[PDB]
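Read through the structure below, which is laid out as structure tokens, and then see the notes.
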Amino acid sequence: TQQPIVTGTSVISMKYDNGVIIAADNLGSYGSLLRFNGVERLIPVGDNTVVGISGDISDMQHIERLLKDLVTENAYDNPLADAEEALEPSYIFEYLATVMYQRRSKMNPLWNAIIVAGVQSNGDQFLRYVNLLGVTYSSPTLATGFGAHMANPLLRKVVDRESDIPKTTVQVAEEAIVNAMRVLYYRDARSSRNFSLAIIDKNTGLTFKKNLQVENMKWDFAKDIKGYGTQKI
Amino acid sequence: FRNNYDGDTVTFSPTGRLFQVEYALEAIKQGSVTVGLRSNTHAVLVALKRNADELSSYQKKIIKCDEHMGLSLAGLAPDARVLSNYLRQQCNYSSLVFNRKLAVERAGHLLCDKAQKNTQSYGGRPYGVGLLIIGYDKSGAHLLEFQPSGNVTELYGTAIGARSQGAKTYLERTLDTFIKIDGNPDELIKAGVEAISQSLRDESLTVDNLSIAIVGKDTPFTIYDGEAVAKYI
């Protein structure tokens, strides 16, 4: 039994026609204090998987170390480590899902909410969620914390079910993600303007984007708002 | 000479030999013959079963490990049960923790290490059984020969047991023929039945005498006995 000290907010994701898009901001919050701003919360495993973690950062760094060890362990006595016997997004998730459930069963959980995004060897999109309780679920759009309340409603407008997946292109899917990051910066008190974005595609591969900022913000309407009821000036 | 260094497995001979390991290998040569062979699509095990009396049943030689993996035994049956049970657990561990079908090559590595630990410590004995592991994974069909020494070799075709040299000479001569038998299970079985018949000396292969197993591209590991092997007699 523990408590989270250094925390990372929402991790939002969705799947399009050719792959998946996942994004998370670069903040490491110390309670109400926005302490760290150079924190990468998206962990790429190989060239086909990106793991987005929210919650406790010290536990995230432990998971980050476990993923690096998995790559090293998979390459041992394996001549096809970069081909047929490479790490699939499904293998990476199931390993984490086993760990997350075993830790909560021992009453010492890793205080995190994790989304594994990737493309399988056959070309299929992979997007599954796992948290500190060990609860697992798949959905066309997946988000942690505040993203579940705010980003999901926006991302579900683009992809409402499984039939909307092949209809959504990369440009439309990324636009919905970038817009969701702007909305989260508006209403989440533990959010950062700077964020990272990762695209995993079956054709173009893995595209990792760093130092992206929230742009085109509407604030001009604030000057017209004065007082809290009866005040005119 | 030999009497002073064969007391236990821990002892080396002046020439550098391990006689307890060598005596365990002798238990295979006393055991009944079994043949393993493969192509690019399928892998086949053909085994000759042995009975004590005409009133006794024919002891099984082939054991199923997983839906995509299995092996045939030659030597001590209880030792084959232990090693197959371990391989059953290793296939089970990979499927539950990683959601991954265990590679046949990695399965051979696991059997190598378990057999090795019996040869370096006091009190232990080497396994008195040879195993022929077949399987179909992400890299295609596989055939591996296990030896009590720990030595595991990947082969196109092989045979272990009594009079097994006759079958081994056949497969070495027919190498270019059975390798190209793709998409046709029945013809690969016939190539193995003709292989095991080259090792016959005491009797001819009959209905309740022959044991055949196959695993392939769209074929799970299944064992045929009795009436199911009558068409190959």
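Quick note: the coordinates plus some simple rules give every number you see, no bench work behind them. We place every Cβ from the backbone using ideal geometry, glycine too, and count neighbours over all the protein chains shown.
Data overview
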| quantity | calculated |
| --- | --- |
| B:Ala107 within 14 Å of chain A (Cβ to nearest Cβ), under 25 Å from B:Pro78 (Cβ atoms), among the small types (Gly, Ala, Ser) and crowded, with 19+ Cβ neighbours inside 10 Å | yes |
| Counted residues, the range A:125-143 - those being more than 14 Å from every other protein chain (Cβ to nearest Cβ) and either among the aromatic types (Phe, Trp, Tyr) or within 25 Å of A:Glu85 (Cα to Cα) (or both) | 4 |
| Cβ-Cβ under 6 Å pairs, at least 6 apart or on other chains, the range B:6-19 side under 16 Å from B:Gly150 (Cα atoms) and touching a residue at least 24 places away in the same chain (Cβ under 8 Å), far side aromatic (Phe, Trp, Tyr) and part of a loop (DSSP other than H, G, I, E, B) | B:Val10/B:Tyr122 |
| Failed criterion for B:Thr206 (all others in (1) within 14 Å of B:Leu45 (Cα to Cα); (2) in a loop (DSSP other than H, G, I, E, B); (3) among the polar types (S, T, N, Q) hold) | (1) |
| Test for B:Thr158: is it surrounded by fewer than 18 Cβ atoms within 10 Å (Cβ to Cβ) and outside any loop (DSSP other than H, G, I, E, B) | no |
| Scan of the range B:91-119 for residues that are more than 13 Å from B:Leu144 (Cβ to Cβ), part of a helix (DSSP H, G or I) and of a type in the set (D, E, K, R), ordered by number | B:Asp113, B:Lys114, B:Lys117 |
| Test: residue in the range A:83-90 that is among the charged types (D, E, K, R), more than 20 Å from the chain's Cα centre (by Cα) and more than 9 Å from chain B (Cβ to nearest Cβ) | no |
| Filter result for A:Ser121 (among the polar types (S, T, N, Q) and not in a loop (DSSP other than H, G, I, E, B)) | no |
| For A:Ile22: the one exception among (1) outside any loop (DSSP other than H, G, I, E, B); (2) among the aliphatic types (A, V, I, L, M); (3) surrounded by fewer than 20 Cβ atoms within 10 Å (Cβ to Cβ) | (3) |
| Of all residues making up the range A:145-177, the number that are hydrophobic (A, V, I, L, M, F, W, C) and within 24 Å of A:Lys202 (Cα to Cα) | 9 |
| Selection count, the range A:98-124, where residues are within 9 Å of chain B (Cβ to nearest Cβ) and small (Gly, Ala, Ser) | 1 |
| Given (1) assigned to a strand (DSSP E or B); (2) of a type outside the set (S, T, N, Q); (3) within 25 Å of B:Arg100 (Cβ to Cβ), number of the condition B:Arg88 does not satisfy | (1) |
| Residue match in the range A:128-143 (condition: surrounded by fewer than 18 Cβ atoms within 10 Å (Cβ to Cβ), over 26 Å from A:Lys209 (Cβ atoms), in contact (Cβ under 8 Å) with a residue 12 or more places away in the chain and of a type in the set (A, V, I, L, M, F, W, C)) | yes |
| Yes/no for B:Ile214 being surrounded by 22 or more Cβ atoms within 10 Å (Cβ to Cβ) and assigned to a strand (DSSP E or B) | yes |
| Residue list for the range A:68-80, filter: without any contact (Cβ under 8 Å) to a residue 12 or more places away in the chain and more than 11 Å from chain B (Cβ to nearest Cβ) | A:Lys68, A:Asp69, A:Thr72, A:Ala75 |
| Residue match in the range B:137-144 (condition: part of a helix (DSSP H, G or I), within 14 Å of another protein chain (Cβ to nearest Cβ), touching a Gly at 6+ places or on another chain (Cβ under 8 Å) and crowded, with 19+ Cβ neighbours inside 10 Å) | no |
| B:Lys114 in contact with a helix residue (DSSP H, G or I) (Cβ under 7 Å, 6 or more places away or on another chain), of a type outside the set (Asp, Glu) and either within 27 Å of B:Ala27 (Cα to Cα) or within 14 Å of another protein chain (Cβ to nearest Cβ) (or both) | yes |
| Considering residues of the range B:166-207 that are farther than 19 Å from B:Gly140 by Cα and free of Cβ contacts under 8 Å to residues at least 12 places away in the same chain only, the residue surrounded by the most Cβ atoms within 10 Å (Cβ to Cβ) | B:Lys168 |
| Residues of the range B:55-69 satisfying the condition of being in a strand (DSSP E or B), hydrophobic (A, V, I, L, M, F, W, C) and touching a residue at least 40 places away in the same chain (Cβ under 8 Å) | B:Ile62, B:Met69 |
| Residues within the range A:147-164 that are assigned to a loop (DSSP other than H, G, I, E, B) and surrounded by fewer than 16 Cβ atoms within 10 Å (Cβ to Cβ), tallied | 3 |
| Residue count for the range A:145-160, restricted to those that are within 14 Å of the chain's Cα centre (by Cα) and more than 15 Å from A:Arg187 (Cα to Cα) | 1 |
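Table: residues versus (1) away from every other protein chain (no Cβ under 14 Å); (2) out of contact with any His (no Cβ under 6 Å at 6 or more places or on another chain); (3) assigned to a loop (DSSP other than H, G, I, E, B); (4) crowded, with 20+ Cβ neighbours inside 10 Å.
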site	(1), (2), (3), (4)
B:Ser32	yes, yes, yes, yes
B:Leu45	yes, yes, no, yes
B:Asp53	yes, yes, yes, no
B:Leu71	yes, yes, no, yes
B:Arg81	yes, yes, no, no
B:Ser84	yes, yes, no, yes
